[PDB]
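Take a look at the structure set out below.
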Amino acid sequence: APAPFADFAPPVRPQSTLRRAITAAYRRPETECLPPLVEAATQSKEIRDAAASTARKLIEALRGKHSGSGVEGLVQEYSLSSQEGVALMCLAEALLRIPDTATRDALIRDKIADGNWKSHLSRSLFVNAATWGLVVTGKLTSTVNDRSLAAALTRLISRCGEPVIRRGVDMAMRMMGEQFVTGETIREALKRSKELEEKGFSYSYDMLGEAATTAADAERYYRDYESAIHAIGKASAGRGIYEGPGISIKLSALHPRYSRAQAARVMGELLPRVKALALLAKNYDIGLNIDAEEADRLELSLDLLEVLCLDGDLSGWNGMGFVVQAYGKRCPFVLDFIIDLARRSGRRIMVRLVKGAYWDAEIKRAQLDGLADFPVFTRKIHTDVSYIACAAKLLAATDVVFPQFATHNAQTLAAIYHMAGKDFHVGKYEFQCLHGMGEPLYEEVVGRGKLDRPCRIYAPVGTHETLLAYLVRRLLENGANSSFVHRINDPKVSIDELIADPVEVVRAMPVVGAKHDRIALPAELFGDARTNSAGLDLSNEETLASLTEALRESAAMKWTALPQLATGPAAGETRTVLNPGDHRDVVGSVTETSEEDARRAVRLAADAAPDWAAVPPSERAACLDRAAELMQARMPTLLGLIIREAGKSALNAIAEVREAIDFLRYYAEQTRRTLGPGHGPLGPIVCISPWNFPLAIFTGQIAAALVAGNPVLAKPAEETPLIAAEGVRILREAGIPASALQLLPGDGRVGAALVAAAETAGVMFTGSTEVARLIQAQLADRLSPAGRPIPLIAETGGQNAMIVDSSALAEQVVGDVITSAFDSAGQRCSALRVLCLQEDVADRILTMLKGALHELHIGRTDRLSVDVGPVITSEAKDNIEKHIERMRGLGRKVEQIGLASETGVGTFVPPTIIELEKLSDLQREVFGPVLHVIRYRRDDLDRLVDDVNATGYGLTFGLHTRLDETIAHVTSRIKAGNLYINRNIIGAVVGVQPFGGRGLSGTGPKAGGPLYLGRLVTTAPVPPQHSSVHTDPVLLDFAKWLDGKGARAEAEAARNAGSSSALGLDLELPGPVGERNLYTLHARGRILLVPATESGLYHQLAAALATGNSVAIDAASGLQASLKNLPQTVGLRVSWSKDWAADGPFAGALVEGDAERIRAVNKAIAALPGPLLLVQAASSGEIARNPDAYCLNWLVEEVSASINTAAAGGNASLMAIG
Amino acid sequence: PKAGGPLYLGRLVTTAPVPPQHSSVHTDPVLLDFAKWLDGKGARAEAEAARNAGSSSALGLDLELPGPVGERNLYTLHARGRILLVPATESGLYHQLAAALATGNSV
Amino acid sequence: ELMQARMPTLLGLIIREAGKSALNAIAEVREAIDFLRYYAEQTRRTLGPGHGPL
Ligand SMILES: Cc1cc2nc3c(=O)[nH]c(=O)nc-3n(C[C@H](O)[C@H](O)[C@H](O)COP(=O)(O)OP(=O)(O)OC[C@H]3O[C@@H](n4cnc5c(N)ncnc54)[C@H](O)[C@@H]3O)c2cc1C
Ligand SMILES: NC(=O)c1ccc[n+]([C@@H]2O[C@H](COP(=O)([O-])OP(=O)(O)OC[C@H]3O[C@@H](n4cnc5c(N)ncnc54)[C@H](O)[C@@H]3O)[C@@H](O)[C@H]2O)c1
Ligand SMILES: O=C(O)[C@H]1CCCNC1
Ligand SMILES: [Mg+2]
């Protein structure tokens, strides 16, 4: 039996002093980074003045020859609006997908110019309109208003005809064939390079590959690089690495799992591929540059650079190159490492200094991961100082490295030109620029008549498809508000402003190196409301080394879970708790609760209830906040327990502990916002939690119940009692009295005994729908001492779909699908179960998905390299496998990963893809790593949404599309609680995506949302921000009808309900950059009304209508004559039901009657098939006395929507942050 | 159509142009249900006309128009109300219904 | 342009023929100017050979 965590995340190599200095700087506070950069970048006043003069001269040259762009001239000639310009370029792009020229021109003349372009051109014309929007307007719009573009295209064609189409086609052909790329193929690019080479430029060809998703992708990128090296080397013809052309590669193109977590595969599989390419570059004596990518790949890439530079087979060749990003805090330390490596190896490493291309993505990633700080600067001027400081370091080392200063900023250029001094020879250093962007500047640099310094042009090479994939990121490099190229084209920016010295500006700031005011550190995402939980950086070697030791220590602990009654630990049946990934690994011991002790615990909770209710809400919230601090400090140990007890990966364990911390802090803050003396607790609450979020959901339910003033009986899932016991220990340490929080480990029998206990005043259940239904039936037997139903929150299963159309980027889709379906072995309630692919793209995406499936590592989760862990039990495994084999037996195509022999000691199911004919082929939630794939024709999208809704579930839902019309359609028609656009569908964040569904997926209110605490008190408070200015119009029609009938009191109550209803609430919740998180209140659906009196019926109708619902009224009430002559608008919402089971599904119920009538109705309601109904009951006297007899909080449905606004390739809002 | 508004000139030509800014991302849900019903009964040409009407309808357009400071000037497209349909043929009726439903109307 | 330049004369006629005040007569001429320029611009944005007159 392998020792737990003995091989968790060993580094590729022992970290040298120089490597450790890099890691130490990863997230160093910005105020600490700047002072040494300012000092290193300082130059003499004489040099600064000469640099400013050179920069001014270059800028004056740039602005003097600056003409109007081709697109601008086209927009001017045809008087195009911006949308028309964008639509025209999209049309031109589509026409260029027609390969034959004569065919294309015939389509233009005979069909496009004089008729409906729509009839002639499965794929929206406007798929890339966000890119063309950047080209035309300079502004990024993340999604495409395809209806506006279609209108604009019709308008411009009908107005201007063939001539404008011809001009647009010719413009797009030039831009996509000669500007965004040097050429479509390496041979074409090489042919077009001779002109500038003759002037003194050189070239580095960028083959535009990146982010391989499959082994086949990586092999394709490999053979593309290999073929390009041959062409470049043949053309170089012995010119060598400085005069002659070279190639640039991205490591992410060469392996589908290029990450620190997969470092062993990277060194074993990616490295030999780079070596083979480098050997070919050596033979031709050309440069081979490794481009720099995301910050979490920097240090990993250094391990490849080290091995290659020490490999004797590459000796004699100085063409190996490596990019370093000056926007990164580690940059100077990386340079120190590289310079030393160049000294040790004797290789004159070609070092390309760039600022960095991934800035907005780095901000978003650090915020999402809750990390200490950013790995990049947050003020643009800091990057500029960093660049100059790093140039100073490089210029001191030209004997051992070849510095390559890649920049389009004439101020940066001038500073370095003068820093380098008078002595120059080709080979000492060079500048670099981007093809079709930097030539105007560098035509003022290259040549004896200019500055006589060489410039290497980074030359993209590729087809239209290849160049468009990440063109947005490239356009933002030089097109943001802080970008030099954007500013040089802004007439409101003076030359004096452009030549401003960033070194001196930073030096004079009040606080040198202060963070940008408008970028929140991850801890501060929520501002004054609460402190964000902190994560851990699994790319940081210090973090991995520290976590390795903490994880090993956690595995040595004698974890136990006992029945912790108010009186102390109780005796019971004790058994071991085994690691699901290896049953030989005993994690701890659980003593389970007898049914007698469960009943005793409820009585003890009932006796203790007044004492806990008397703790003021602020103090109860303080306990939650203290518990959050304790869990944050204990996170490494908690991770180890979650990994081993629940079979979770470290990444998912981190998120689990963060969620528990977030629940504690969120419910604490919500309490401080709401709870007062009049919001009395229900009493003892039974909290029954599932195994799959054994700390987070466990903590969330208990924390909410406790902070609302209720004592808690906590019944964790039988599979995962140990982490639950630790959570209870932490809450008790934080100040929750033992009498207020009792842990009762055991199976469903303990849960059922707790539910059935007479003093149980409320039940919070998260688990399967089938078990919730049994709990619902048991609670229907009971009424509170006041004679009202026992509140049940039942958050249950999902049958979660993702719809993908032909506008989505397949690589993005596949990543989000692989994560959503197979993370946690599909054992998230939110997991993607059904992927729906538009027919035209289905085969391509399916091929990519299967390829990505086979790159997953399944095994025991005490290794960072494991992507998918075990399923929780052999019974779960058998249940999942029975489903897979049923599908296989029906002839459905089944793709499965092969499992390693090591999985035999645990319970594993390989990630599986099953292709279905229809969504209806899938009949039940299969809680495992099983993705079902269906295909749909675009015209059947609305029917498909019906099919998704038809399962009865409504938990999470994803949509991948760029098209606003599709977003609007799908999101308006789907009925699910958590919607996700252009991102994965998992990992809902407390207070950001309040989580919970409808139908068979939940009663609500949503956990992690603002209605939750109000369910746990007898009188719900008004949640923060909970109101709406909208009044339901059918409610208004009903109020007028009531007035016409003379029911004046009820009409007033109806108007009050119309105002008090929060239907129509529509909020954006604070969260990370690059995402829009929305929270809205909608009608629940059809509410079952069970009235007893005419006035009761009118009050019930008012409540239901005010919240946007339709109703089914019990025909057995005999009250049909009370609704004579209803307005048609109200009648449309009213049905009468004799057979309630036939007229569902309902989305809630309102009941009027005495206690025994309520009990009877509650039993009849519990017997209805399908979803658990949130039932509210009141007596006739209560309706007369209490305007809030029926609470409107429970008659609306919460919907959370999370939109990835960075999905097009950049963040429009951050383009304004410099 | 309104004088001083973007639909006006289109009434004075035999084929109306697409006015500036005249589009909507919203699709009438009853139109969508009608298109599916047409699909189910094999009325393929009519279902296509229905989907096309659903998309080209500007129902739900909601624009702020440029004007003076201190004022917000909004322009929105709503359903007309109830449209009288005087068909002659079944297909003609389906096309009339598609047009009316796509623009949010009853008939 | 002509109505703008001749607004004072147009005002006097509108005041005397239609009984309007000076402020309302100014607004009237401005509206005529705005209609002219608005329909001119709307034409430039929309009308092509397939939009035949009635
Ligand atoms: C030949 C060449 C090779 C390149 N290779 C790579 C590569 O391998 N890896 C890579 O990441 N990119 C690469 N780039 C792109 C480069 O990193 C920059 O994104 C782009 O060139 C920046 O423009 P700049 O230095 O010309 O001018 P500028 O307009 O001076 O610089 C703009 C840069 O400032 C930075 N910045 C913007 N806002 C902020 C902010 N709020 N806080 C901190 N910094 C900010 C960004 O890096 C931005 O790109 C390359 C560029 C060229 C020309
Ligand atoms: N909507 C959500 O937020 C959410 C979150 C996580 C999991 N889930 C659902 O939870 C299911 C998986 O978790 P699970 O396997 O632990 O669910 P489960 O239904 O098997 O058990 C959940 C808890 O109910 C208890 N239980 C079983 N029978 C009981 C009974 N007759 N009376 C009282 N308690 C009883 C169990 O001991 C456990 O503590 C999945 O269906 C998943 O979709 C939903
Ligand atoms: O995966 C999700 O979206 C949530 C599932 C249950 C609660 N934790 C996160
Ligand atoms: Mg179970």
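Chain letters run A, B, ... following the sequence lines, proteins first, then strands; residues in each count from 1.
- Around atom CD of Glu1068(A), more than 12 heavy atoms belonging to other residues, nucleotides or ligands sit under 6.0 Å away.
- No more than 12 heavy-atom neighbours from other residues, nucleotides or ligands sit within 6.0 angstrom of CZ on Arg30(C).
- Residue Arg45(C) touches chain A through both its backbone and its side chain, counting heavy-atom pairs closer than 4.5 Å.
- Counting all heavy atoms, side chain and backbone alike, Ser158(A) lies closest to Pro49(C) at O-CD, 3.6 Å.
- Residue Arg159(A) holds its CZ atom at 8.0 Å from OG1 of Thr46(C), rounded to the nearest 0.5 Å.
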